[PDB]
Every structure is written in structure tokens, then in C-alpha cells.
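Below is input-v2.pdb, which holds PDB, C-alpha atoms.
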```pdb
ATOM      1  CA  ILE A   1       0.000   0.000   0.000  1.00  0.00           C
ATOM      2  CA  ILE A   2       1.466   3.358  -1.036  1.00  0.00           C
ATOM      3  CA  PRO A   3       0.319   6.525   0.722  1.00  0.00           C
ATOM      4  CA  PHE A   4       0.132   8.823  -2.293  1.00  0.00           C
ATOM      5  CA  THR A   5       2.480  11.786  -2.066  1.00  0.00           C
ATOM      6  CA  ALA A   6       1.746  15.387  -2.993  1.00  0.00           C
ATOM      7  CA  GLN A   7       3.165  14.878  -6.478  1.00  0.00           C
ATOM      8  CA  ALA A   8       1.274  11.617  -6.864  1.00  0.00           C
ATOM      9  CA  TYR A   9      -1.924  13.371  -5.811  1.00  0.00           C
ATOM     10  CA  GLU A  10      -1.401  16.036  -8.455  1.00  0.00           C
ATOM     11  CA  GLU A  11      -1.063  13.307 -11.066  1.00  0.00           C
ATOM     12  CA  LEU A  12      -4.376  11.657 -10.151  1.00  0.00           C
ATOM     13  CA  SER A  13      -6.157  15.002  -9.959  1.00  0.00           C
ATOM     14  CA  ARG A  14      -4.861  16.003 -13.392  1.00  0.00           C
ATOM     15  CA  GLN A  15      -5.773  12.633 -14.893  1.00  0.00           C
ATOM     16  CA  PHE A  16      -9.372  13.239 -13.945  1.00  0.00           C
ATOM     17  CA  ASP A  17      -9.315  17.029 -14.239  1.00  0.00           C
ATOM     18  CA  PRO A  18     -11.746  17.190 -17.209  1.00  0.00           C
ATOM     19  CA  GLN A  19     -14.512  15.719 -15.047  1.00  0.00           C
ATOM     20  CA  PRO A  20     -15.082  18.358 -12.365  1.00  0.00           C
ATOM     21  CA  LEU A  21     -16.421  16.048  -9.659  1.00  0.00           C
ATOM     22  CA  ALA A  22     -13.794  13.393 -10.344  1.00  0.00           C
ATOM     23  CA  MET A  23     -10.999  15.871  -9.813  1.00  0.00           C
ATOM     24  CA  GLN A  24     -12.936  17.340  -6.889  1.00  0.00           C
ATOM     25  CA  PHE A  25     -12.883  14.017  -5.043  1.00  0.00           C
ATOM     26  CA  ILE A  26      -9.131  13.636  -5.450  1.00  0.00           C
ATOM     27  CA  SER A  27      -8.278  17.285  -4.759  1.00  0.00           C
ATOM     28  CA  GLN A  28     -10.554  17.578  -1.719  1.00  0.00           C
ATOM     29  CA  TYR A  29      -8.987  14.524  -0.138  1.00  0.00           C
ATOM     30  CA  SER A  30      -5.782  15.760   1.465  1.00  0.00           C
ATOM     31  CA  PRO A  31      -2.369  14.728   0.123  1.00  0.00           C
ATOM     32  CA  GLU A  32      -1.035  11.582   1.827  1.00  0.00           C
ATOM     33  CA  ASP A  33      -4.713  10.725   2.042  1.00  0.00           C
ATOM     34  CA  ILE A  34      -5.429   8.880  -1.185  1.00  0.00           C
ATOM     35  CA  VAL A  35      -3.726   5.537  -0.638  1.00  0.00           C
ATOM     36  CA  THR A  36      -2.628   3.123  -3.387  1.00  0.00           C
ATOM     37  CA  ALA A  37      -4.350  -0.256  -3.526  1.00  0.00           C
ATOM     38  CA  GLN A  38      -1.469  -2.394  -4.751  1.00  0.00           C
ATOM     39  CA  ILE A  39      -3.325  -5.643  -4.120  1.00  0.00           C
ATOM     40  CA  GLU A  40      -1.254  -8.788  -4.636  1.00  0.00           C
ATOM     41  CA  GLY A  41      -2.434 -11.081  -7.404  1.00  0.00           C
ATOM     42  CA  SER A  42      -0.039 -14.005  -7.167  1.00  0.00           C
ATOM     43  CA  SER A  43      -1.493 -17.179  -5.701  1.00  0.00           C
ATOM     44  CA  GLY A  44       0.297 -20.196  -4.313  1.00  0.00           C
ATOM     45  CA  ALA A  45      -2.641 -20.565  -2.002  1.00  0.00           C
ATOM     46  CA  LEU A  46      -4.366 -23.371  -3.851  1.00  0.00           C
ATOM     47  CA  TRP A  47      -8.082 -23.499  -3.277  1.00  0.00           C
ATOM     48  CA  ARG A  48     -10.319 -25.876  -1.378  1.00  0.00           C
TER      49      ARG A  48
ATOM     50  CA  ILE B   1       3.843 -18.684  -0.972  1.00  0.00           C
ATOM     51  CA  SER B   2       3.070 -18.453  -4.687  1.00  0.00           C
ATOM     52  CA  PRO B   3       5.780 -20.392  -6.573  1.00  0.00           C
ATOM     53  CA  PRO B   4       7.282 -17.483  -8.586  1.00  0.00           C
ATOM     54  CA  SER B   5       7.402 -15.280  -5.489  1.00  0.00           C
ATOM     55  CA  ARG B   6       8.564 -18.262  -3.432  1.00  0.00           C
ATOM     56  CA  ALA B   7      11.535 -18.539  -5.731  1.00  0.00           C
ATOM     57  CA  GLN B   8      11.975 -14.777  -5.377  1.00  0.00           C
ATOM     58  CA  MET B   9      11.808 -15.129  -1.602  1.00  0.00           C
ATOM     59  CA  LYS B  10      14.358 -17.818  -2.043  1.00  0.00           C
ATOM     60  CA  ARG B  11      16.519 -15.538  -4.060  1.00  0.00           C
ATOM     61  CA  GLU B  12      16.310 -12.770  -1.478  1.00  0.00           C
ATOM     62  CA  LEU B  13      17.656 -15.114   1.189  1.00  0.00           C
ATOM     63  CA  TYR B  14      19.982 -16.648  -1.390  1.00  0.00           C
ATOM     64  CA  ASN B  15      21.327 -13.402  -2.811  1.00  0.00           C
ATOM     65  CA  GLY B  16      18.785 -10.647  -3.498  1.00  0.00           C
ATOM     66  CA  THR B  17      19.944  -7.728  -1.374  1.00  0.00           C
ATOM     67  CA  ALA B  18      16.692  -6.786   0.380  1.00  0.00           C
ATOM     68  CA  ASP B  19      15.284  -6.632   3.907  1.00  0.00           C
ATOM     69  CA  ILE B  20      12.338  -8.962   4.388  1.00  0.00           C
ATOM     70  CA  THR B  21       9.758  -7.435   6.690  1.00  0.00           C
ATOM     71  CA  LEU B  22       9.522  -9.900   9.549  1.00  0.00           C
ATOM     72  CA  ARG B  23       6.494  -8.360  11.208  1.00  0.00           C
ATOM     73  CA  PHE B  24       5.880 -10.474  14.272  1.00  0.00           C
ATOM     74  CA  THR B  25       2.362  -9.236  14.889  1.00  0.00           C
ATOM     75  CA  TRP B  26       1.376 -10.021  18.461  1.00  0.00           C
ATOM     76  CA  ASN B  27      -2.395  -9.571  18.229  1.00  0.00           C
ATOM     77  CA  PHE B  28      -4.126  -9.939  21.592  1.00  0.00           C
ATOM     78  CA  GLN B  29      -7.841 -10.160  21.003  1.00  0.00           C
ATOM     79  CA  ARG B  30      -9.564  -9.958  24.371  1.00  0.00           C
ATOM     80  CA  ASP B  31     -13.288  -9.420  24.748  1.00  0.00           C
ATOM     81  CA  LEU B  32     -15.879  -6.668  24.979  1.00  0.00           C
ATOM     82  CA  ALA B  33     -18.099  -8.225  27.627  1.00  0.00           C
ATOM     83  CA  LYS B  34     -15.708  -7.161  30.371  1.00  0.00           C
ATOM     84  CA  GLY B  35     -14.918  -3.991  28.460  1.00  0.00           C
ATOM     85  CA  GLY B  36     -12.025  -3.521  26.071  1.00  0.00           C
ATOM     86  CA  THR B  37     -12.695  -1.080  23.253  1.00  0.00           C
ATOM     87  CA  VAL B  38     -10.003  -2.100  20.802  1.00  0.00           C
ATOM     88  CA  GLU B  39      -9.438  -5.373  22.649  1.00  0.00           C
ATOM     89  CA  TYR B  40      -7.078  -6.629  19.948  1.00  0.00           C
ATOM     90  CA  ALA B  41      -3.739  -5.294  21.168  1.00  0.00           C
ATOM     91  CA  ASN B  42      -1.346  -5.639  18.251  1.00  0.00           C
ATOM     92  CA  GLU B  43       2.254  -4.725  17.494  1.00  0.00           C
ATOM     93  CA  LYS B  44       4.212  -5.830  14.460  1.00  0.00           C
ATOM     94  CA  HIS B  45       7.645  -6.541  15.899  1.00  0.00           C
ATOM     95  CA  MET B  46       9.508  -6.241  12.618  1.00  0.00           C
ATOM     96  CA  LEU B  47      12.930  -7.725  11.950  1.00  0.00           C
ATOM     97  CA  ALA B  48      14.352  -6.341   8.713  1.00  0.00           C
ATOM     98  CA  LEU B  49      16.154  -9.389   7.368  1.00  0.00           C
ATOM     99  CA  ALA B  50      19.671  -8.261   6.510  1.00  0.00           C
ATOM    100  CA  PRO B  51      20.526  -9.589   3.033  1.00  0.00           C
ATOM    101  CA  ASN B  52      22.174 -13.008   3.426  1.00  0.00           C
ATOM    102  CA  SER B  53      22.865 -12.686   7.147  1.00  0.00           C
ATOM    103  CA  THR B  54      23.409 -15.704   9.371  1.00  0.00           C
ATOM    104  CA  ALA B  55      19.641 -15.917   9.741  1.00  0.00           C
ATOM    105  CA  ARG B  56      19.009 -15.354   6.039  1.00  0.00           C
ATOM    106  CA  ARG B  57      21.685 -17.835   4.966  1.00  0.00           C
ATOM    107  CA  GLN B  58      19.995 -20.389   7.152  1.00  0.00           C
ATOM    108  CA  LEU B  59      16.801 -19.389   5.384  1.00  0.00           C
ATOM    109  CA  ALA B  60      18.585 -19.689   2.053  1.00  0.00           C
ATOM    110  CA  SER B  61      19.342 -23.333   2.722  1.00  0.00           C
ATOM    111  CA  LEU B  62      15.920 -23.778   4.306  1.00  0.00           C
ATOM    112  CA  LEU B  63      14.263 -22.707   1.083  1.00  0.00           C
ATOM    113  CA  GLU B  64      16.859 -24.457  -1.064  1.00  0.00           C
ATOM    114  CA  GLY B  65      15.797 -27.947  -0.076  1.00  0.00           C
ATOM    115  CA  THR B  66      17.048 -28.888   3.367  1.00  0.00           C
ATOM    116  CA  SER B  67      14.868 -28.618   6.456  1.00  0.00           C
ATOM    117  CA  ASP B  68      17.528 -28.528   9.155  1.00  0.00           C
ATOM    118  CA  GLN B  69      18.359 -24.860   9.659  1.00  0.00           C
ATOM    119  CA  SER B  70      17.767 -23.111  12.956  1.00  0.00           C
ATOM    120  CA  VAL B  71      17.198 -19.518  11.867  1.00  0.00           C
ATOM    121  CA  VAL B  72      18.605 -17.235  14.562  1.00  0.00           C
ATOM    122  CA  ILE B  73      16.203 -14.356  15.135  1.00  0.00           C
ATOM    123  CA  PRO B  74      17.979 -12.022  17.574  1.00  0.00           C
ATOM    124  CA  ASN B  75      15.824 -11.971  20.736  1.00  0.00           C
ATOM    125  CA  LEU B  76      12.514 -11.068  19.136  1.00  0.00           C
ATOM    126  CA  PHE B  77       9.742 -12.768  21.113  1.00  0.00           C
ATOM    127  CA  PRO B  78       8.331 -10.328  23.699  1.00  0.00           C
ATOM    128  CA  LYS B  79       8.239 -12.173  27.009  1.00  0.00           C
ATOM    129  CA  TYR B  80       6.462  -9.371  28.885  1.00  0.00           C
ATOM    130  CA  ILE B  81       3.886  -7.196  27.130  1.00  0.00           C
ATOM    131  CA  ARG B  82       2.019  -4.277  28.710  1.00  0.00           C
ATOM    132  CA  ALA B  83      -1.047  -4.614  26.517  1.00  0.00           C
ATOM    133  CA  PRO B  84      -4.082  -2.502  27.306  1.00  0.00           C
ATOM    134  CA  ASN B  85      -7.581  -2.122  25.912  1.00  0.00           C
ATOM    135  CA  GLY B  86      -6.117  -0.182  23.008  1.00  0.00           C
ATOM    136  CA  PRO B  87      -4.636  -1.647  19.835  1.00  0.00           C
ATOM    137  CA  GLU B  88      -1.017  -1.872  20.982  1.00  0.00           C
ATOM    138  CA  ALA B  89       1.055  -4.844  22.065  1.00  0.00           C
ATOM    139  CA  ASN B  90       3.833  -2.694  23.486  1.00  0.00           C
ATOM    140  CA  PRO B  91       6.186  -4.737  25.658  1.00  0.00           C
ATOM    141  CA  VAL B  92       7.162  -3.611  29.114  1.00  0.00           C
ATOM    142  CA  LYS B  93      10.340  -1.538  28.976  1.00  0.00           C
ATOM    143  CA  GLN B  94      12.794  -2.391  31.816  1.00  0.00           C
ATOM    144  CA  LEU B  95      11.090  -5.797  32.044  1.00  0.00           C
ATOM    145  CA  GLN B  96      12.884  -6.211  28.772  1.00  0.00           C
ATOM    146  CA  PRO B  97      15.450  -3.387  28.907  1.00  0.00           C
ATOM    147  CA  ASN B  98      16.619  -3.648  25.295  1.00  0.00           C
ATOM    148  CA  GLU B  99      13.092  -4.715  24.310  1.00  0.00           C
ATOM    149  CA  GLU B 100      14.350  -5.918  20.899  1.00  0.00           C
ATOM    150  CA  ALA B 101      17.408  -7.552  22.354  1.00  0.00           C
ATOM    151  CA  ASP B 102      15.873  -8.474  25.696  1.00  0.00           C
ATOM    152  CA  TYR B 103      12.663 -10.040  24.434  1.00  0.00           C
ATOM    153  CA  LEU B 104      13.290 -13.768  24.082  1.00  0.00           C
ATOM    154  CA  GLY B 105      15.647 -15.478  21.670  1.00  0.00           C
ATOM    155  CA  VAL B 106      13.380 -16.979  19.032  1.00  0.00           C
ATOM    156  CA  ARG B 107      14.312 -19.511  16.346  1.00  0.00           C
ATOM    157  CA  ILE B 108      12.544 -20.717  13.192  1.00  0.00           C
ATOM    158  CA  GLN B 109      12.561 -24.106  11.480  1.00  0.00           C
ATOM    159  CA  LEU B 110      10.868 -24.858   8.199  1.00  0.00           C
ATOM    160  CA  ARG B 111      10.230 -28.575   8.084  1.00  0.00           C
ATOM    161  CA  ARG B 112       9.890 -29.435   4.424  1.00  0.00           C
ATOM    162  CA  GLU B 113       9.756 -33.214   4.757  1.00  0.00           C
ATOM    163  CA  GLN B 114       8.859 -34.239   1.192  1.00  0.00           C
ATOM    164  CA  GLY B 115       6.383 -37.093   1.516  1.00  0.00           C
ATOM    165  CA  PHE B 116       7.522 -30.857   0.178  1.00  0.00           C
ATOM    166  CA  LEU B 117       5.204 -31.047   3.194  1.00  0.00           C
ATOM    167  CA  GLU B 118       6.498 -27.619   4.165  1.00  0.00           C
ATOM    168  CA  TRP B 119       5.719 -27.189   7.837  1.00  0.00           C
ATOM    169  CA  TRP B 120       6.954 -24.324  10.009  1.00  0.00           C
ATOM    170  CA  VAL B 121       7.879 -24.800  13.655  1.00  0.00           C
ATOM    171  CA  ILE B 122       8.622 -21.732  15.766  1.00  0.00           C
ATOM    172  CA  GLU B 123      11.451 -22.845  17.997  1.00  0.00           C
ATOM    173  CA  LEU B 124      13.397 -20.929  20.589  1.00  0.00           C
ATOM    174  CA  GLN B 125      17.127 -20.310  20.737  1.00  0.00           C
ATOM    175  CA  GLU B 126      16.849 -22.474  23.846  1.00  0.00           C
ATOM    176  CA  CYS B 127      13.888 -24.664  22.874  1.00  0.00           C
ATOM    177  CA  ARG B 128      12.890 -27.027  25.661  1.00  0.00           C
ATOM    178  CA  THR B 129       9.205 -27.382  24.847  1.00  0.00           C
ATOM    179  CA  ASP B 130       9.005 -24.048  23.091  1.00  0.00           C
ATOM    180  CA  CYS B 131       9.085 -25.514  19.613  1.00  0.00           C
ATOM    181  CA  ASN B 132       5.471 -26.408  20.110  1.00  0.00           C
ATOM    182  CA  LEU B 133       4.493 -24.211  23.043  1.00  0.00           C
ATOM    183  CA  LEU B 134       6.336 -20.922  23.461  1.00  0.00           C
ATOM    184  CA  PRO B 135       5.610 -19.520  26.932  1.00  0.00           C
ATOM    185  CA  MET B 136       5.712 -15.725  26.956  1.00  0.00           C
ATOM    186  CA  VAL B 137       3.651 -13.326  29.065  1.00  0.00           C
ATOM    187  CA  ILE B 138       1.237 -10.461  28.517  1.00  0.00           C
ATOM    188  CA  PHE B 139       1.047  -7.932  31.316  1.00  0.00           C
ATOM    189  CA  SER B 140      -2.635  -7.185  30.813  1.00  0.00           C
ATOM    190  CA  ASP B 141      -4.421  -3.971  31.739  1.00  0.00           C
TER     191      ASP B 141
END
```
Represent the structure from my file as C-alpha cells, please.
Amino acid sequence: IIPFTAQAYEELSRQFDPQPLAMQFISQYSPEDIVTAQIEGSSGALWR
Amino acid sequence: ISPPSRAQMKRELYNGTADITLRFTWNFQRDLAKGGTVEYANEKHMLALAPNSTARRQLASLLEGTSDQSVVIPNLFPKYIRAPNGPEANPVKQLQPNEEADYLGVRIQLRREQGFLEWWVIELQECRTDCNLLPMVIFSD
């Protein structure tokens, strides 16, 4: 999990800047707020 | 551990210069009937695994194929923990002065007895019956 930095936050906000409310969400949430969901995908755990 | 990442874990202990996060989370879930807001008192006692250290070289051979390596984890099993009704398994300082070097010498033994049948016994540096029953203490509040 990566706590998004100020620069990272700017990136996300700019990605969704065209849509006002999209950018709003990101921008309103404080920097080091938006966290990165780097969920693991590898298995190993077989299933039962 | 997923096979590609198991081989990567291997590699780390084998060579890969990285520090495996050995978070020894000591979660202490109590109850709420007798009170205890965040009953679960937890603390990840992490041991950054120095790349190919004595412990990690034992782990290299552990994950190579042999199952007879007593991985020396420098005193990292809190034998006295002042846990309260909050979410923290903080050990008592002075009870364990170093409290990272005065916890309790813990050992690890992966028992891959192909028949890999990878088991994992948590031993002690001085395991008497603490390979199956490690006796620490939680100073409860």
C-alpha cells in the first residue's frame, strides 16, 4: 500500500481534471490521504 | 507462498539484497463483555532481514531444499507485554530493557519433509518445549 504523495496526488487530480467532480474528489482529499491499492495477485494458495 | 514469489523469496535469502519485513504481529484479542474497546492489542515486531545474514543464509538453505536450519532471530519474542484495551502490544520496557534484544531469543525451522510437506515450527534459541508451546507473558491492563 502506497500513501500517495503530494506529487502523486497532483497526477491523479490532473488525470481526472476534465470531469469536475472526479478531480474534486481527489483534490478535496488531502495529500497523503489517497492511498494506493497495490493488491497482490499471485497465488500459491491453492483453493479448497 | 506463490511459486514465482517463493523462488523470489528464495533468491532474497539466497542473494537478493533486500530486507524482508519480519512483522511479528502479536495480536491480543480480548473481549468486549468485560470492556475492552479495541481489545485486539497488536504490534508488528519487525525484523528487517539483513541480506544473506546468518539468519538469512539459514533461510537460504531452508528454502533451497534442506529442512535442518535453525534460523537465529535475535531476541525477538516479547516475554512481557504491557497490553491494554487499546490496539497496541507494546512490551514492558525495563522488564525487557533492550526490548528488541531483551525479548526472548526466538528460532525458526521450516520442516519441508517431502512425503515438500512444508511445515513451520517456531522454535526458541533455547527450545525445551518451546518448539510447540512458546511460553511468553502479557502484562494485561
Using only C-alpha atoms, which of the listed residues (B:125, B:27, B:70, B:114) sits closest to residue 138 in chain B?
B:27
I'd like to see the residues matched by the PyMOL selection byres ((chain A and resi 36) around 8) on this file, and ideally I'd get them as JSON, numbers by chain.
{"A": [1, 2, 3, 4, 34, 35, 37, 38]}
With the cut-off set at 9 Å and counting only C-alpha atoms, tabulate each residue of chain B with an atom at most that distance from an atom of chain A, showing the nearest atom pair and its distance in Å to one decimal, ordered by chain and increasing number, as a tab-separated table.
```
residue	atom	partner	partner_atom	distance
B:1	CA	A:44	CA	5.1
B:2	CA	A:44	CA	3.3
B:3	CA	A:44	CA	5.9
B:4	CA	A:42	CA	8.2
B:5	CA	A:42	CA	7.7
B:6	CA	A:44	CA	8.5
```
Name every residue that the PyMOL selection byres ((chain B and resi 85) around 12) selects in this structure, writing the answer as a short mmCIF file (atom, residue, chain, number, x, y, z; two decimals) with C-alpha atoms, keeping the file's coordinate frame with chains first and numbers rising.
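This went into out.cif:
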```
data_model
loop_
_atom_site.label_atom_id
_atom_site.label_comp_id
_atom_site.auth_asym_id
_atom_site.auth_seq_id
_atom_site.Cartn_x
_atom_site.Cartn_y
_atom_site.Cartn_z
CA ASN B 27 -2.40 -9.57 18.23
CA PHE B 28 -4.13 -9.94 21.59
CA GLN B 29 -7.84 -10.16 21.00
CA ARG B 30 -9.56 -9.96 24.37
CA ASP B 31 -13.29 -9.42 24.75
CA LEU B 32 -15.88 -6.67 24.98
CA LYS B 34 -15.71 -7.16 30.37
CA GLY B 35 -14.92 -3.99 28.46
CA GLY B 36 -12.02 -3.52 26.07
CA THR B 37 -12.70 -1.08 23.25
CA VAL B 38 -10.00 -2.10 20.80
CA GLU B 39 -9.44 -5.37 22.65
CA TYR B 40 -7.08 -6.63 19.95
CA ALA B 41 -3.74 -5.29 21.17
CA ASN B 42 -1.35 -5.64 18.25
CA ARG B 82 2.02 -4.28 28.71
CA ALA B 83 -1.05 -4.61 26.52
CA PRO B 84 -4.08 -2.50 27.31
CA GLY B 86 -6.12 -0.18 23.01
CA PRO B 87 -4.64 -1.65 19.84
CA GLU B 88 -1.02 -1.87 20.98
CA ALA B 89 1.06 -4.84 22.06
CA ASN B 90 3.83 -2.69 23.49
CA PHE B 139 1.05 -7.93 31.32
CA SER B 140 -2.64 -7.18 30.81
CA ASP B 141 -4.42 -3.97 31.74
#
```
Please define a box with edges along x, y and z of the file around all atoms of range 26-44 of chain A given in the file, extend it by 3 Å on each side, and return its centre and edge lengths in Å to one decimal, as JSON.
```
{"center_x": -5.1, "center_y": -1.3, "center_z": -2.7, "size_x": 16.9, "size_y": 43.8, "size_z": 15.4}
```
Neighbours of residue 120 in chain B within 10 Å (only C-alpha atoms; same-chain residues fewer than 3 positions away dropped), as a PDB file with C-alpha atoms, in the coordinates of the input?
```pdb
ATOM      1  CA  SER B  67      14.868 -28.618   6.456  1.00  0.00           C
ATOM      2  CA  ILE B 108      12.544 -20.717  13.192  1.00  0.00           C
ATOM      3  CA  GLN B 109      12.561 -24.106  11.480  1.00  0.00           C
ATOM      4  CA  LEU B 110      10.868 -24.858   8.199  1.00  0.00           C
ATOM      5  CA  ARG B 111      10.230 -28.575   8.084  1.00  0.00           C
ATOM      6  CA  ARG B 112       9.890 -29.435   4.424  1.00  0.00           C
ATOM      7  CA  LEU B 117       5.204 -31.047   3.194  1.00  0.00           C
ATOM      8  CA  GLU B 123      11.451 -22.845  17.997  1.00  0.00           C
ATOM      9  CA  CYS B 131       9.085 -25.514  19.613  1.00  0.00           C
TER      10      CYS B 131
END
```
Could you pull the residues within 10 Å of range 12-14 of chain A, counting all atoms listed in the file, minus those fewer than 3 positions along the same chain, as number ranges by chain?
A: 4, 7-9, 17-20, 22-28, 34
What lies within 9 Å of residue 55 in chain B using only C-alpha atoms, ignoring chain neighbours under 6 positions off, as a PyMOL selection string?
chain B and resi 13+49+70-74
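The spacing separating CA of residue 64 in chain B from CA of residue 106 in chain B amounts to 21.7 Å.
Between CA of residue 129 in chain B and CA of residue 20 in chain B the separation is 27.7 Å.
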Using all atoms listed in the file, determine which residues lie at most 10 Å from residue 52 in chain B, disregarding the query and same-chain residues fewer than 5 positions distant; provide the list as an MDAnalysis selection string.
chainID B and resid 11:19 57:60
For residue 22 in chain B: contacts at 9 Å, only C-alpha atoms, fewer than 2 positions along chain excluded, given as a ChimeraX atom specification
/B:19-20,24-25,44-49
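The space between CA of residue 113 in chain B and CA of residue 132 in chain B spans 17.3 Å.
Each of B:121, B:7, B:96, B:103 was compared to residue 63 in chain B using all atoms listed in the file, and B:7 turns out to be the nearest.
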